[PDB]
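Step one of this worksheet: look at the structure below.
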There are 8 protein chains.
Amino acid sequence: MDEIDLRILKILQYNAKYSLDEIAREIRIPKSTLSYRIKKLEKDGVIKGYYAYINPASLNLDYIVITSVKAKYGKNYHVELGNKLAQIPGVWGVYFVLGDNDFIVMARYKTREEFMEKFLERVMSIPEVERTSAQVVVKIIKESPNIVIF
Amino acid sequence: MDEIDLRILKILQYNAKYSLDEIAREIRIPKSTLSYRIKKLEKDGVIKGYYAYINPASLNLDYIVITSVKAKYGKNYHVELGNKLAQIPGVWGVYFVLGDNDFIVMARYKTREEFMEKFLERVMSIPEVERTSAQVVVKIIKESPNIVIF
Amino acid sequence: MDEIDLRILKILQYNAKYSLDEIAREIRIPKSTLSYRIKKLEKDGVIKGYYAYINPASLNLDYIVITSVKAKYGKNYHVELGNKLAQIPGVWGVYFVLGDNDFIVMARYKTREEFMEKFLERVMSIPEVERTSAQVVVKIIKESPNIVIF
Amino acid sequence: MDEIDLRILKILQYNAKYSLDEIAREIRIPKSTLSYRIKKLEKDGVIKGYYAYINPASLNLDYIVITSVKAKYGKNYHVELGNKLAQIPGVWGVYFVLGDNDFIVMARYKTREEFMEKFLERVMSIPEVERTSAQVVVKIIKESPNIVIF
Amino acid sequence: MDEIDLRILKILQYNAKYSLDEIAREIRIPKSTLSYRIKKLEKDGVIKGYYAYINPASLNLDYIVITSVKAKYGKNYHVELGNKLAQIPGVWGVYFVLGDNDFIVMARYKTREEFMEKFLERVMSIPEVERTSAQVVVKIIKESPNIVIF
Amino acid sequence: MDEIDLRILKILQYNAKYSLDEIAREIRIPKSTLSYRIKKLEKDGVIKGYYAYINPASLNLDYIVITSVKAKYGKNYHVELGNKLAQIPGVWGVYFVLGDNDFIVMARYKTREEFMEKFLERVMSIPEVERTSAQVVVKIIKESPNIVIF
Amino acid sequence: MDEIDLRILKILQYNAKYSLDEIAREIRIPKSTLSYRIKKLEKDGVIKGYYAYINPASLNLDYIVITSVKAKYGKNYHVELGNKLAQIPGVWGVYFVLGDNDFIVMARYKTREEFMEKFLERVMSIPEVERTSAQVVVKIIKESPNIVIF
Amino acid sequence: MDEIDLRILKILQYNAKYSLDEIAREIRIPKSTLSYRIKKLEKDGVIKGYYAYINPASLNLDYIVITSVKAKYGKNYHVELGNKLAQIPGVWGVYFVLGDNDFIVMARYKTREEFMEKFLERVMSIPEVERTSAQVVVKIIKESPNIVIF
Ligand SMILES: NC(=O)CC[C@H](N)C(=O)O
Ligand SMILES: NC(=O)CC[C@H](N)C(=O)O
Ligand SMILES: NC(=O)CC[C@H](N)C(=O)O
Ligand SMILES: NC(=O)CC[C@H](N)C(=O)O
Ligand SMILES: NC(=O)CC[C@H](N)C(=O)O
Ligand SMILES: NC(=O)CC[C@H](N)C(=O)O
Ligand SMILES: NC(=O)CC[C@H](N)C(=O)O
Ligand SMILES: NC(=O)CC[C@H](N)C(=O)O
Ligand SMILES: [Mg+2]
Ligand SMILES: [Mg+2]
Ligand SMILES: [Mg+2]
Ligand SMILES: [Mg+2]
């Protein structure tokens with residue numbers, strides 16, 4: 001990757017629906033070269049794909065919760081709990097963090113009831129789980145994970 | 001929105017690079033009707049846009065940190081700190097949560113040094129900030145915020 | 001329920017001993033219509049009943065304690081502990097909360113000894129119980145759960 | 001108060017809509033004596049009144065939150081914050097507890113938005129307030145504050 | 001007990017080596033009446049005895065530690081741990097407290113090594129013990145448990 | 001101090017009302033030598049005095065509380081708060097501990113009201129005080145500070 | 001050890017590569033006496049040896065972590081965990097502390113991956129380990145353990 | 001640096017008092033080449049020096065404490081506190097850590113009194129300091145910071 005690829009990615013991270021023309025004109029390079037560079041980035045794994053950005057509100061995903069989960073120590077309990085958490089419907093993020101030394105889980109549901117049935121109740125029945133603390137997000141000030149180039 | 005729009009969105013959330021043909025054939029509806037429905041979803045704000053999914057690793061974004069921030073109480077301190085946090089380079093997520101009653105900030109940097117210079121040092125100089133706790137993500141088990149329809 | 005029912009409920013939540021006359025005169029509606037509306041609210045479950053408000057102090061209920069209880073995770077431990085807590089004499093409130101991710105128990109006793117014998121000792125013998133923290137209420141600034149319409 | 005008054009109160013705490021007949025027949029005492037005893041209990045302050053029990057769900061009071069509040073120390077800050085908390089619309093309970101050495105606030109709202117506007121935002125602007133932690137009640141296992149005689 | 005007994009106790013709590021004369025002259029009552037009152041207080045259990053106040057420093061009791069101990073819940077674990085703690089050499093105080101909902105243990109030792117051998121190591125081997133936190137007293141600002149009448 | 005003084009102190013710490021005869025007979029030494037040794041211990045400061053042990057229960061000292069107090073840092077705030085705490089009526093113990101890095105205060109009162117008026121309210125008005133946590137002692141398993149020789 | 005030995009040690013703790021001449025001239029004593037004193041300090045165990053001070057940065061030891069570890073109570077679990085921790089590659093410090101009543105572990109690794117593989121993963125599989133909290137050192141303000149004489 | 005330098009450093013980190021002969025014979029390289037390599041490592045900053053390892057016990061450094069320090073946020077308070085901490089006599093380590101988001105300070109003193117006078121009292125008077133928690137090390141299981149090559 002070179003400076004030019006970065007200029008291309010900086011654009012595609014915001015809007016992937018531009019025409020090779022506009023981009024080429026902005027970056028000041030041959031459209032055939034652009035198309036090539038973009039195809040190379042996809043083959044190399046830099047660009048893993050293209051998604052439609054759906055407004056979670058439009059889907060009534062009003063009950064957002066960030067949950068910290070502590071796993072009991074011993075015989076692979078930690079690694080197994082991570083994958084169990086990632087398969088729960090509504091869970092889009094699972095991170096293991098150093099400090100708290102536990103899992104941070106990001107999930108979205110339409111209501112409290114759905115959250116309890118699909119996430120909370122399920123997580124509570126997991127024996128490996130030592131403890132949890134579910135944080136209710138009452139305000140999304142920002143959420144743009146797509147922006148990787150600042 | 002109807003059941004059909006959901007089938008369309010469920011596809012576009014994963015791959016927006018399909019052809020109206022394939023989708024139409026899968027959903028079993030006229031391509032002209034599909035194109036219409038999709039254009040309507042965009043005009044209605046359900047589909048806010050289309051992004052390229054860039055692999056953060058490809059950009060050496062190795063230092064990932066989830067930081068909790070406590071703001072001092074009183075005269076609009078809380079709301080102001082939120083926007084200050086969202087403008088920091090490298091910060092893609094800022095949420096205010098109930099329970100901890102503080103801000104949860106998601107950020108990505110190439111190294112510890114960048115993180116300290118762009119995020120930590122800056123956050124420390126903010127007077128409104130009462131306290132913080134930065135969690136180092138040492139493992140991303142899952143991160144698919146684009147998946148809103150399960 | 002309409003605006004008129006709300007005016008009726010706003011009154012009955014404070015004093016259910018009024019006469020259909022006074023209320024009718026205040027709300028400015030036929031006494032026969034009032035009686036009907038009230039009977040409908042009872043049949044519909046809005047008005048679950050009428051209670052006498054007894055001053056807890058008059059019963060020497062001097063030892064008030066708000067206890068948080070953490071249940072161990074796994075095989076229905078959580079749901080079972082909740083009902084065990086609600087059957088304890090002196091316990092009038094049991095809530096499961098998100099954040100602390102534990103039960104909050106409200107209880108009233110005449111003395112420390114009664115509290116220990118009827119609540120504390122009993123709760124300690126429950127194996128499902130992971131941990132507890134009992135908060136001693138030394139001052140009731142307000143307690144009007146009957147006021148649901150502000 | 002004697003054993004007989006307790007039998008009367010034990011009944012009235014559950015249902016104040018009984019007839020002096022039924023109660024008299026159950027307690028086995030003259031209806032004129034009952035009426036007298038009840039009037040005495042009201043004059044003495046044991047029975048502070050009679051309320052209609054309204055099902056909070058019937059009023060869409062779905063967002064229930066138990067909040068702990070820490071007040072800064074010094075010049076009457078503690079006592080003043082207590083009364084400020086009790087005047088907030090939607091707040092039915094305010095207790096000062098020993099141990100946590102802070103205020104426990106019980107509130108009910110129809111939605112997250114109402115809660116934020118009427119409670120959270122208001123509490124955040126109070127300078128005396130050091131810190132808070134709002135617990136989201138996702139399940140009411142029991143709530144019968146009217147039962148003072150077990 | 002009357003006002004006079006209190007005046008007697010207020011004196012004896014500070015210095016039990018006074019003569020019945022001095023005390024009688026100070027309290028302004030017959031020495032024979034004093035002797036009687038004091039003998040009555042002993043027979044009644046108010047005065048449980050008379051001790052020599054030994055300066056702990058004179059015995060090289062330099063390592064003072066206040067330890068909080070959490071016992072696991074279930075089958076009489078709590079009550080049993082309390083008595084086990086009270087029999088440890090060097091432990092002069094054991095209290096069960098509400099709030100922390102654990103035992104507070106006061107102990108004194110000549111050195112760190114003695115403390116580790118007689119207290120810490122022993123406490124660690126107790127299975128019922130969930131967790132502990134030992135606070136090192138580096139300054140005794142006051143310690144007059146003998147003063148019960150202020 | 002020698003082995004013999006220790007045998008004397010071990011006795012006097014439990015009961016200072018023995019006769020020089022009994023003690024001399026038990027220790028197997030001349031009564032004149034005993035009297036001398038004891039007088040020397042008093043002059044040397046080992047024996048600071050003799051107190052009457054009054055049963056706190058006999059004085060209705062039912063509300064026992066162990067309070068941890070955190071002082072703000074800076075200009076002699078710590079040392080000043082310690083002496084302010086030790087002068088509070090009902091407070092018999094004040095220790096500064098390493099770990100929690102705060103003051104531990106032992107106090108006794110007849111009732112909750114007295115505790116609030118004499119201790120809590122007073123402590124809350126102290127500006128230097130950062131935070132506190134008052135632990136309610138609901139059970140004294142042991143309290144023998146007089147026993148310094150085991 | 002005398003004042004002169006201290007002057008010698010104060011020098012050798014900083015730089016052990018000086019010549020007996022320079023030191024002798026600085027301390028103002030016969031070189032033969034110096035050599036003797038130094039040999040005595042080594043034989044007596046004061047000087048346990050001489051090491052080369054290697055700059056950790058020069059070895060790419062960029063991932064520094066201070067981890068607190070809580071061991072479960074009971075049958076020698078504590079002492080055994082300590083030695084298990086000290087044998088982990090990359091761990092240079094293991095301390096058992098009073099207060100937190102847990103182990104503090106100092107370790108150094110080249111990267112996050114090495115840290116996870118050699119330390120974290122290994123520690124997680126230890127059953128005796130109750131919980132841990134790994135603190136990421138992002139700045140070494142000072143690290144001179146060799147300086148024992150100030 | 002190459003594999004050979006590492007073999008040299010691995011030796012010098014343990015014992016810098018070996019002769020170029022022994023080392024050369026062990027590493028199997030010309031003594032003149034060794035001397036050169038070692039001189040290069042010193043000029044390059046890998047080997048910052050050579051110290052005498054003094055047994056802290058030999059200096060009566062019995063009071064070891066690991067203290068966590070929280071600095072108030074705002075105008076360079078954090079960076080300034082770090083250097084203030086590093087200049088305190090007896091302090092050999094100061095680290096700023098991510099997670100706890102505070103300073104970890106390692107210090108050694110002969111007694112509690114010295115610790116209080118040189119460290120604690122001084123740290124308490126620092127206004128920038130928000131809070132601290134000093135952990136008493138009662139057992140050094142391992143302390144070999146000199147070992148950088150495992
Ligand atoms: N930007 C453009 O469209 C130029 C294209 C270029 N001439 C080519 O060879 O494709
Ligand atoms: N799926 C298709 O391509 C059919 C298209 C449809 N016949 C139209 O009117 O556009
Ligand atoms: N408020 C009243 O009492 C009026 C009653 C009304 N006239 C009826 O039909 O009952
Ligand atoms: N229970 C009753 O109704 C009896 C009443 C009773 N005879 C009276 O004097 O009122
Ligand atoms: N205070 C005194 O010694 C008076 C004693 C009193 N006269 C008696 O009867 O013993
Ligand atoms: N124990 C005794 O009373 C002996 C006393 C001893 N003969 C003396 O000289 O006082
Ligand atoms: N400082 C010196 O080198 C003097 C040495 C001294 N004359 C001896 O006997 O070794
Ligand atoms: N290891 C040795 O001492 C050999 C030294 C080597 N011959 C030189 O040139 O110095
Ligand atoms: Mg996307
Ligand atoms: Mg009621
Ligand atoms: Mg005494
Ligand atoms: Mg060294």
Side-chain angles (χ1 to χ4, degrees), chain A residues 1 6 9 11-17 38 41 44-59 61 64-66 82-83 85-86 89-99 103-104 106 108 133-150, chain B residues 1 6 9 11-17 38 41 44-59 61 64-66 82-83 85-86 89-99 103-104 106 108 133-150:
Chain A
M1 279 190 57
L6 288 179
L9 293 176
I11 293 173
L12 303 185
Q13 72 179 345
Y14 275 110
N15 190 326
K17 286 298 188 170
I38 292 178
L41 292 172
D44 286 33
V46 181
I47 288 177
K48 299 201 67 179
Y50 302 89
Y51 307 155
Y53 174 55
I54 304 170
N55 175 45
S58 289
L59 299 175
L61 298 174
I64 313 302
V65 188
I66 301 171
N83 303 310
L85 293 172
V91 171
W92 63 261
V94 185
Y95 309 94
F96 183 78
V97 303
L98 235 92
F103 288 107
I104 300 308
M106 318 289 294
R108 311 191 195 96
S133 181
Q135 303 255 247
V136 177
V137 171
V138 292
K139 188 59 161 304
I140 299 184
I141 292 79
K142 186 186 182 179
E143 179 172 275
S144 306
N146 60 300
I147 304 310
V148 294
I149 297 172
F150 292 72
Chain B
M1 279 190 57
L6 288 179
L9 293 176
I11 293 173
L12 303 185
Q13 72 179 345
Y14 275 110
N15 190 326
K17 286 298 188 170
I38 292 178
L41 292 172
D44 286 33
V46 181
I47 288 177
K48 299 201 67 179
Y50 302 89
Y51 307 155
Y53 174 55
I54 304 170
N55 175 45
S58 289
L59 299 175
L61 298 174
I64 313 302
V65 188
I66 301 171
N83 303 310
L85 293 172
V91 171
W92 63 261
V94 185
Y95 309 94
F96 183 78
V97 303
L98 235 92
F103 288 107
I104 300 308
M106 318 289 294
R108 311 191 195 96
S133 181
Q135 303 255 247
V136 177
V137 171
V138 292
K139 188 59 161 304
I140 299 184
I141 292 79
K142 186 186 182 179
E143 179 172 275
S144 306
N146 60 300
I147 304 310
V148 294
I149 297 172
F150 292 72

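First the proteins, then the strands, lettered A, B, ... as listed; each starts at 1.
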Per-residue contact mode, [X] against chain B (heavy atom under 4.5 angstrom):
X        : value
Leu59(A) : side chain
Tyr95(A) : both
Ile11(A) : neither

Part of [X] lying under 4.5 Å from any heavy atom of chain A:
X         : answer
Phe150(B) : side chain
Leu6(B)   : side chain
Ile147(B) : backbone

Could you grab the distance from atom [atom1] of [X] to atom [atom2] of [Y], nearest 0.5 Å is fine?
X         : Y         : atom1 : atom2 : answer
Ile54(A)  : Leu12(B)  : CD1   : CG    : 7.0 Å
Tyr51(A)  : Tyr50(B)  : OH    : OH    : 15.5 Å
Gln135(A) : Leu98(B)  : CD    : CG    : 9.0 Å
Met106(A) : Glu143(B) : CE    : CD    : 9.0 Å

Q | Top contributor to chain A contacts, counting heavy-atom pairs under 4.5 Å, from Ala57(B), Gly45(B), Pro56(B), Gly49(B) | A | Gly49(B)
Q) Which residue out of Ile149(B), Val137(B), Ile140(B) racks up the most heavy-atom pairs below 4.5 Å with chain A? A) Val137(B)
Q: Assess whether side-chain contact (heavy atoms from CB on, under 4.5 Å) is satisfied between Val97(B) and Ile66(A), documenting all intermediate values.
A: CA-CA 8 Å; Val97(B) 303; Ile66(A) 301 171; 4.1 Å; yes
Q | Check: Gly82(B) main-chain N/O paired with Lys139(A) side-chain donor or acceptor under 3.5 Å | A | no
Q | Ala52(B) versus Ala16(A), closest heavy-atom pair with distance | A | N-CB, 3.9 Å
Q) With a 4.5 Å limit on heavy-atom distance, are the side chains of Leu61(A) and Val148(B) in contact? A) yes
